[PDB]
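> A structural model of the following input is requested.
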Amino acid sequence: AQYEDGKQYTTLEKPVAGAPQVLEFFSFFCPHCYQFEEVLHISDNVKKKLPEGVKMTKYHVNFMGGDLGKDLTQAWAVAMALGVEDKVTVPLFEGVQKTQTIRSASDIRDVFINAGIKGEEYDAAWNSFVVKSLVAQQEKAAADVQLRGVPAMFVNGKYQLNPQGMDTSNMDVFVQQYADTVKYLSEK
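Numbers count the residues shown, from 1 in each chain. And now the structure:
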């Protein structure tokens, strides 16, 4: 073909019923995830080429950064609940990986405070059961799919993107190729 299994994607032997249509995993500790977000804008460019009626999910994972890694997963759960994903993603990445000013839950909180969420509102979410179940969701979805590495993208719980089978000589070309693959997998 031009899109073959084992090339731009791989297939799960143990497909995941009821999975989100497009499901993405990252970690704020993950260098490629940083590139994927800050330089490549993968999520955004996939969305631009996805069909109508297709929803896009992105989850954080625990297996990077020990205790801070879990904190970040709860914090991402907070971001999802309050709908402030686009206001914290960048400062969280840069806080962990660029400036190294995130060393504790309190430092994570500051990013939300500086990005305008209010202390009371943040602390309330942080402690809410809605956020507990969003943390559970994030962990379940990772658990369902063999996940030991990020960044990772899954389509309909059957297909996993394989970026190491695409050209990286040109960034833009890499992105459109990545995105077009998601489109194809989507229609599959």
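
> Outside of stretch 158-169 itself, list whatever touches it.
Judged by Cβ atoms under 8 Å, 6 or more residues apart in numbering, the contacts made with stretch 158-169 from elsewhere in the structure are 6-12, 15-16, 145, 151-155, 173-174, 177-178, 181-182, 185, 188. Bear in mind the C-beta positions are built from the backbone N, C-alpha and C, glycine included.

> For that stretch, which residues meet the burial criterion?
158-163, 166 (16 or more other Cβ atoms under 10 Å).

> Taking those, tell me the two that lie furthest apart.
158 and 166 (19.3 Å; Cβ to Cβ).

> Surely residue 111 touches residue 94?
No: Residue 111 lies out of contact with residue 94 (Cβ atoms under 8 Å); the separation is 9.2 Å.

> Compare those two and say which one has the larger neighbour count.
With other Cβ atoms under 10 Å as the criterion, residue 111 and residue 94 differ in neighbour count, and residue 111 comes out ahead with 22 against 17.

> OK, contacts around that one?
By Cβ under 8 Å, 6+ apart, residue 111 lies in contact with 88, 91-92, 95, 102.

> 7 Å instead, please
Each residue near residue 111 by Cβ atoms under 7 Å, 6 or more residues apart in numbering is listed here: 88, 91-92, 95.

> Got phi/psi on residue 21?
In this entry, residue 21 is assigned phi and psi values of phi -60, psi -60 (degrees, to the nearest 10).

> Could you tell me how many residues sit around it?
Counted with other Cβ under 10 Å, residue 21 comes out at 16.

> Now list the buried members of the contacts of stretch 158-169.
A residue is treated as buried here by neighbour count (16+ other Cβ under 10 Å); on that basis the buried members of those are 8-9, 12, 16, 145, 151-155, 174, 177-178, 181-182, 185.

> Now, the contacts of stretch 158-169 that are in helices?
With helices defined by DSSP state H, the entries of the contacts of stretch 158-169 inside them are 173-174, 177-178, 181-182, 185.

> What is the nearest of those residues to residue 55?
Each of the ones in helices among the contacts of stretch 158-169 was checked against residue 55 using Cβ to Cβ; the closest is residue 182, at 13.1 Å.

> what's the helix or strand for the nearest residue to the closest one once chain neighbours are set aside?
Across the structure, with Cβ to Cβ, 6 or more residues apart in numbering as the measure, the residue nearest residue 182 apart from its sequence neighbours is residue 46 (4.9 Å). Secondary structure assignment for residue 46, by DSSP states H and E: helix 42-49.
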